[PDB]
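Sequential numbering of the sequence shown, starting at 3, is according to the authors' numbering. Beta carbons are placed, not taken as given, at the ideal position from N, Cα and C, and that holds for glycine. Since the structure comes first, as structure tokens, the remarks are kept for the end.
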Amino acid sequence: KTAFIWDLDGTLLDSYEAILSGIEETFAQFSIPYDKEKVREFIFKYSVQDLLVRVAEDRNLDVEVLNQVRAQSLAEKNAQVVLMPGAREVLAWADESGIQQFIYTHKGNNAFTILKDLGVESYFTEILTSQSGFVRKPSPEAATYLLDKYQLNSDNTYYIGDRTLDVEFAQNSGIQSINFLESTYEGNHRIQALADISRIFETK
Ligand SMILES: [Cl-]
Ligand SMILES: [Cl-]
Ligand SMILES: [Cl-]
Ligand SMILES: [Cl-]
Ligand SMILES: [Cl-]
Ligand SMILES: [Mg+2]
Numbered sequence: 003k004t005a006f007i008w009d010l011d012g013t014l015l016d017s018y019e020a021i022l023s024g025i026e027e028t029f030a031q032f033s034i035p036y037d038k039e040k041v042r043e044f045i046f047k048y049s050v051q052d053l054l055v056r057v058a059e060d061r062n063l064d065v066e067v068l069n070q071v072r073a074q075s076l077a078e079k080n081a082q083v084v085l086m087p088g089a090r091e092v093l094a095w096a097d098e099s100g101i102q103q104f105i106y107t108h109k110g111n112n113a114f115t116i117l118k119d120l121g122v123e124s125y126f127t128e129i130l131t132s133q134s135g136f137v138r139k140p141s142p143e144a145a146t147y148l149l150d151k152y153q154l155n156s157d158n159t160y161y162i163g164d165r166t167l168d169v170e171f172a173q174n175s176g177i178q179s180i181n182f183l184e185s186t187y188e189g190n191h192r193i194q195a196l197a198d199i200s201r202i203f204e205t206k
């Protein structure tokens with residue numbers, strides 16, 4: 003019957019302070035001045051990779067070295083990662099309901115460590131990270147793999163996320179979407195909170 007494929011950051015995981023701490027440590031190693039608010043505003047308007055790019059271009063540093071120190075430092079801040087509100091409750095609900103649960107994340111293998119630290123790793127049948135080999139969302143290949151392997155029903159398979167690229171991933175792979183954002187995609191179901199998800203699966 004039903005399958006959820008989950009995003010992590012902003013959906014299940016609140017990695018905000020861990021990411022900022024990771025960036026602060028990385029900036030200290032390269033002698034880059036660190037202002038939390040300016041970093042906060044940049045990564046919200048753009049992305050963490052764009053921030054690395056900006057300082058690499060501006061300060062003549064090697065972006066890949068920046069990114070490897072970033073990944074490394076981020077992995078040291080796992081203690082600062084907190085679940086999003088309602089995340090434990092929806093995971094438990096889905097599990098009890100017999101919904102099969104998966105992850106596709108742009109995070110690396112450290113995603114496994116975090117989920118184990120938070121006590122939620124055992125919910126997932128398979129966890130796909132940036133080490134999986136698949137092209138980043140919204141490229142569909144990761145989802146197609148899960149459909150093919152687990153014999154999932156595209157009408158009852160939902161990618162759950164918080165960004166437009168998460169809706170696109172669902173659309174590109176022919177599956178349904180549950181998302182904080184509105185979309186013109188017919189298979190999107192907009193939520194205001196994680197607690198709304200269970201309400202999708204009962205009469206109105
Ligand atoms: Cl993520
Ligand atoms: Cl990051
Ligand atoms: Cl666990
Ligand atoms: Cl890629
Ligand atoms: Cl991705
Ligand atoms: Mg997200």
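Boundaries cannot be given for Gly189, as no alpha helix (DSSP H) includes it and DSSP labels it neither H nor E. Between ligand 4 and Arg138, a heavy atom-to-CB distance of less than 7 Å is present.
Collapsing the DSSP output to three states places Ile202 in a helix. Apart from the 5 residues on each side of it in sequence, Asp64 sits with its Cβ closer than 8 Å to the Cβ of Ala58 in its chain, given in chain order.
Taking 4 residues as the minimum length, the alpha helix (DSSP H) runs contained wholly in the segment 35-112 are 38-47, 50-61, 65-76 and 89-98, in order along the chain. In this structure, the beta-carbon distance from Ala5 to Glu91 does not fall below 8 Å. Note: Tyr160 is bridge-paired with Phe6 and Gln178 in the DSSP secondary-structure output. Where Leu130 is concerned, there is no enclosing alpha helix (DSSP H), although the beta strand (DSSP E) around it starts and stops at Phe126 to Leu130.
With contacts defined by Cβ atoms closer than 8 Å, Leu183 and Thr107 do not form a contacting pair. Its chain contains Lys79, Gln82 and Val83 as the residues whose beta carbon lies nearer than 6 Å to that of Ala20, once the 5 sequence neighbours on both sides are disregarded; these appear in chain order. For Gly110, same chain residues with a beta-carbon under 7 Å away, outside a window of 5 residues either side, are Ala73, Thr131, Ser132 and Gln133 in chain order. Boundaries cannot be given for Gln153, as no alpha helix (DSSP H) includes it and DSSP labels it neither H nor E. Per the coordinates, the alpha-carbon of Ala96 lies some 15 Å from the alpha-carbon of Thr13. Taking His191 as the centre and dropping the five residues before and after it, the same chain places the C-beta of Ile180 and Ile202 closer than 6 Å to its C-beta, in chain order. In the displayed model, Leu183 falls within coil according to three-state DSSP, outside both helix and strand. The Cβ-Cβ distance between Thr205 and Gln178 does not fall below 8 Å. Between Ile116 and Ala94, the alpha-carbon positions lie close to 18 Å from each other. At the C-beta level, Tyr187 and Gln173 come within 8 Å of one another. Set against 7 Å, the gap from the CB of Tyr106 to the closest heavy atom of ligand 5 is smaller.
Short note on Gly12: C-beta closer than 7 Å to some heavy atom of ligand 6. When distances are taken from the beta-carbon of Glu123 to the heavy atoms of ligand 3, the shortest one is below 7 Å. Checking the DSSP bridge columns, you'll see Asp16 partnered with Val84.
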